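The chain below stands alone, shown as C-alpha cells; this is the form deposited in one PDB entry.
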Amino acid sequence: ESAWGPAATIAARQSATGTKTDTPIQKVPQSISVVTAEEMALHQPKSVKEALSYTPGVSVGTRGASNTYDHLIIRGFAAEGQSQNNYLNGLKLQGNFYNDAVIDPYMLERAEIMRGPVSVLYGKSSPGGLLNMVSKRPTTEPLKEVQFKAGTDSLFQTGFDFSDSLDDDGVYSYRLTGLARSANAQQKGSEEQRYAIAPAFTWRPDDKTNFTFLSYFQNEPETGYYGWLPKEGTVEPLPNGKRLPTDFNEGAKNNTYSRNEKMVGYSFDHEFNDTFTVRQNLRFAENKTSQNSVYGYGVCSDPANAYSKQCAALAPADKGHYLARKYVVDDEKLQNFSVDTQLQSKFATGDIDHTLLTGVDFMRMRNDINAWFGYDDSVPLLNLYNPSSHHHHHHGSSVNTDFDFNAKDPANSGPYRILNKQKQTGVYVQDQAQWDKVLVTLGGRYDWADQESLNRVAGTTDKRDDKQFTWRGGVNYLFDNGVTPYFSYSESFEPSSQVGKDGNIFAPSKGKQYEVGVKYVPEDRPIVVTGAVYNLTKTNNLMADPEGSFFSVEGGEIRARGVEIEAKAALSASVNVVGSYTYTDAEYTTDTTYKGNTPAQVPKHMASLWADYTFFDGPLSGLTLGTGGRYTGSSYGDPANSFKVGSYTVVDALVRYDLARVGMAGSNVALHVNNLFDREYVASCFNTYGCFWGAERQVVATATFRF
C-alpha cells in the first residue's frame, strides 16, 4: 500500500499528507483520517463533503442540503470568509470569494483529512484543519469501468474510468475518468449540473523514476441552491405555528449559479540512489464562476432588517412572518499556480535511522471579481404564511417569480469589483528519526505569504506581505503488538484579508495545538483504531471594536479542546465496520462581544457507526447489506448563542449485489439510501437568518460495470 494509491481494505495503513513522506499511520504524530475509494464507492457520495460523514472532527452540515462548496468546519474551525481549505495532491486549491473549486469524489483514489495545525508542511492555513484529495492514478492492471446512477429528485449520472498501459513493460500508462451528472436540487426551482473529466498519464522509464501527468476539467452550468432561511420557519415555528418546508426556496425563479474548472499538472518522483530521492508536485488551474442569486435575509422582525423600509411599512405584528431578501450578481475568474519540490534523504547515525525531508513550496493565485449586491429593499418581500399543508405533504413548495438583476437601481444596490492577488513561498525541513520502537518526528517551515487587493471601484489597493514560521515535534512509541502511543505539539498561521481602522491589513491569526493519543495499527489483521485528545487554540482572532466602529479589532482568542475516536476494520471477509465519536469543546476565550460562547455551526457531540455484511454462502452469495447512522449533537445557530439548532440522527442503508452470477464478475448493482427515516432537520444556522434544512431522504440506484 502506497500513500498515493489504493488501500485494499477500508483501512489505509499508509498516508503521506501528514509528513509528506510515505509513512505508516501509526508512525504519524498527528490525527490523520483516510477515506478510501472503497468506502466512497460504498455510499456513492455526491461530494467529498459527504464522503466525510463518518470521519471524526469534521462537521459537514455547514450548508445543509447544498453542495456548491466542499466547505468544512474541522475541530471547530474553518478558513476566514467562508472560504475552503482544500488540497489536491499535496497542492492547495487556493480559492477566493465565491471562486472555490471542488473535485468530484469519483475522480479520487482517496480523500484524507489532517486535523490540527498543518502549516509545518503546507503554509498558511486555518488552524486545525485540512483536506487533501488524491487524484486517481494510472492502474497497475487494466481497468475498463462504466457507471450509471439514477436517483431521487431526477438524479442521473453516467461516468467512466479507464486505465491501461501503452506498452507491455508499463513504461507508458494512462487513466481517463469522467462523468456527466444531472439532478434537481432539494429546493424547488434549483438544479444541479456537472460535467467532469480527469486525464492522467504515467511515465516510468525505470523502477526508480515516475512522472504522472494530472489534469482535471469540469463544467457546472448550475450548481444548485445556496440560499439562507430564517430560524423562524425552520428551527422555530412561525407565528401561525407552522414551519417552512424542507424544500422551500426563497430565490428568484431565475436564480443562476455556474462554476468552471480547468487544471493541468503532474506528480514526479525519482530515486537517485540508496540515500537520495526527489519528488515534485506541480499544478496550474484557471477557474471561473458566476451567479444571479436572490437570497433571503431574515424575517422582517429580525434585527438585521431593522433599517428595512419594505419591512417597517408592515403591521408591527406581521414583521415576524414576512421574509426580507437581497441579491447578488457575480462573475469571477481566477488562476492559481502551484509547485512543491522536496528532497528525501535516508541516512543513519548508529541505531538512529533518519528520513530527512527538505523542500520548497510555491503558489500564486489571482482572482478577478466583478459583481453587484442588492442591499435592503433591493428585492420584494415574501409572506412565509403560504407554506402550509398544501406545500408540505401534498406536492411541495412553489417557485417564486423572476427578478431583474439587470438595471441595478443605484438606490438599493451597488457594484463590487475587486482584484485579489495571493503569493506564498515556503521552505521546510522535517526529519523522521527512528531509534528503534521510538519514532520522533520533528521539523518546521518558514513562509512568505504576500497579498494584494485592488478595489476597482474605490480605486484602492491594499497590500500585505507576511513572513511566518511554524514547526512541529512529536513522538510515537512504536510498540509491536500494535498499540502506538503518540503526542505532539503543532503550529499554524493564517493571514487576514480584512482591513482595520488604521487602513491597514490585519496581522495573521495563529494556531497552537497540544495532542496526545494512541493508534492501534495491528500488523496481522486489517484493522485501524485511533483515539486522541487535544487542546487547540486560535489566537489573534478578529473581534468587535471595544468602541464599536464598523472596523474589527484583532486580539481575540478561541479554544477548542476535544476527544476523537475512530475505527475502521475488516472483522471478516464479509464484515466491515466504520465508527467514530467526537467530543468538541469550542469556546471564545477572548472576544469583545462573544465569550464563553461557542462558535455557531459546531456541535459538542458527534458520533457515527457503520457496518456491512457480505455473502459468499447460500442463495445470497454476492449480497452485501450495510447500514449505519450519523449523530450530530445540538449546536448554536449564531455568534450570540441566541438560539440553538437541535440535535439529529440520520440513518444510511446499503444493499449491494455482485453481478458475477450473470458472467459479470467484478461489476455490481447497488441501492443507496441516505436519511432512511426521511428525517426533517435543520443542519445548522450560522446566524438567525442563516439556517439550512438538512437533506431529505435521498435514494440512489447505481450500476457500475467492469469490462
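Note that the rigid core is defined as the largest set of C-alphas that superpose within 1.5 Å between two forms. Residue numbers run from 1 along the displayed sequence.
As for the form deposited in another entry, it is not shown, yet the points below apply to it.
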property	result
Listed options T9, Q698, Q14, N687; Cα moving by 2 angstroms or more between the shown form and the other one (core superposition)	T9
Cα separation of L343 and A7 in that other deposited form versus here, shift of 3 Å or more	farther
Change in CA distance between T158 and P6 in that other deposited form, which is 3 Å or more, as closer or farther	farther
